[PDB]
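One chain is shown next in structure tokens, namely the form deposited in one PDB entry.
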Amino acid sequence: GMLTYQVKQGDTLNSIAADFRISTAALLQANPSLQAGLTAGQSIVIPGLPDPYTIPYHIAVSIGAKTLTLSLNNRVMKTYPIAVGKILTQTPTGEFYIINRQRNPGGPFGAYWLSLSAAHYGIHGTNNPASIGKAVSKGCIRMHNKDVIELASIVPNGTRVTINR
């Protein structure tokens, strides 16, 4: 399957490529008609990723509640506490996807890193358990190591992540 991305106002070819961890050239190859530039509201294909819309899992993040809630077909399966971004470095809101992952990243990333479709952002573990449940991050979503391990064992790449205030 293919992932379809809805172009947003402000997006540039450069910024979309960075968000999905790909080259503008690869983005252009998968969408030859982009040879004439971008348009807000149009849909385009992101090469190399699975179809998010066949995946029955969905993740909902509440910045205010400091929770990440995993659902399977509208049924809530898990709820985890999280750290979110501080005021000058907030966690971004909107519709995103998990696009890749790295086991054992270590350092502040703890036991697992899951990339989100915003450049430089992800869901990860932590070396500072006291930080969980607080707005103290650079923007990434932090989880207890045991929790990010469990989350990663359940959801595949392509999984939708919706982030709300």
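Position 1 is the first residue in the sequence shown; the rest follow in order.
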Segment of higher mean CA temperature factor, 123-131 or 108-116:
123-131
Going by the entry, of stretches 146-154 and 7-15 the one with greater average Cα B-factor is 7-15
Highest CA B factor of 33, 43, 54, 102, as deposited, is found at 33
Would you mind checking where the Cα B-factor of residue 22 ranks among the modelled residues of its chain, as the lowest, middle or highest third?
middle
Taking the entry's C-alpha B-factors for this chain, is residue 98 in the lowest, middle or highest third?
lowest
Looking at the C-alpha B-factor of residue 65, is it in the lowest, middle or highest third of its chain?
highest
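There is another form of the same protein, the form deposited in another entry; it is not shown, and what comes next is about it.
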Is residue 94 in the same rigid part as residue 109, if the chain's motion between the shown form and the other one is treated as two parts?
yes
